[PDB]
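J.: Provided hereafter are the protein sequence and its experimental coordinates.
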Amino acid sequence: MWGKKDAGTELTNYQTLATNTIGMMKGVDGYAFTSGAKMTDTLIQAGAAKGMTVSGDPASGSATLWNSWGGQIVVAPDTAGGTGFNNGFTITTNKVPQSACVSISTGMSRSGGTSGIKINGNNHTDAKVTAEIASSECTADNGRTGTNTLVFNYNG
């Protein structure tokens, strides 16, 4: 059971991939290249993050997940400046409407602790998003506000 919030579903999902991919199918073999595409394909196809089909990047740089209920997702690794086997994974997600811009922020506010939060045309990392912030940052109410592009980064 989860309930409580209908937006927390994604918050727990993203953290699900982070804890699953932590040691599920992030290259449990040791091959050439980074393969930041088949990495998620194998994790998702493993039923970890999501048990659906993935689109292996035709340009080889960042895989993309097709969200039916949501919108679009872009899974890309971001491993730069490590010390104790710390990997930084960056998953952009574009679907969270204004109603969720608040619920998602309320849930992201419980563990603010920045790492690589990049809001729509707001490429940042120390971006501190909260309930009271999402109450102001998002306009009063514009029904279906412009696409709320939010990148989640997970270190370790």
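T.: Everything's here; your move. Numbering: from 1, shown residues only.

J.: Go through the protein and flag its longest helix.
T.: helix 8-21 (DSSP state H).

J.: In that one, which residues are buried?
T.: Within helix 8-21, the residues scored as buried using 16 or more other C-beta atoms under 10 Å are 8-11, 13-14, 17-18, 20-21. All C-beta spots, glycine's among them, are computed from the backbone N, C-alpha and C.

J.: again with stretch 80-92
T.: Buried, per 16+ other C-beta under 10 Å, within stretch 80-92: 87-92.

J.: Looking at those residues, which is nearest residue 1?
T.: Ranked by distance to residue 1 (C-beta to C-beta), those are led by residue 91 at 24.6 Å.

J.: Give me the phi and psi angles of residue 98.
T.: Dihedral angles of residue 98 (phi, psi; degrees, to the nearest 10) stand at phi -60, psi -40.

J.: right, and it touches residue 142 too?
T.: Yes: in this structure residue 98 lies within contact range of residue 142 using C-beta atoms under 8 Å: 6.7 Å.

J.: higher neighbour count, the two?
T.: Between residue 98 and residue 142, counted using other C-beta atoms under 10 Å, residue 98 has the larger neighbour count: 18 against 10.

J.: Strands along the chain, start to end?
T.: Ranges of strands within the chain are 54-55, 63-66, 72-77, 88-94, 118-119, 149-155, based on DSSP state E.

J.: The fourth one pairs with which strands?
T.: It stands for strand 88-94. strand 72-77 (antiparallel), strand 149-155 (antiparallel) (DSSP bridges).

J.: Make TSV out of those and add mean neighbour count and distance to residue 50.
T.: Formatted as TSV, those follow (neighbours: other C-beta atoms under 10 Å; distance: least, C-beta to C-beta, whole Å):
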stretch	mean neighbour count	distance to residue 50
strand 72-77	21	9
strand 149-155	20	14
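
J.: Could you dump those into JSON lines with distance to residue 41 added?
T.: Listed next are the strands paired with strand 88-94 as JSON lines, based on distance: least, C-beta to C-beta, whole Å:
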{"stretch": "strand 72-77", "distance to residue 41": "9"}
{"stretch": "strand 149-155", "distance to residue 41": "18"}
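
J.: Which of those sits closest to residue 28?
T.: Here strand 72-77 is closest among these (C-beta to C-beta), at 14.9 Å.
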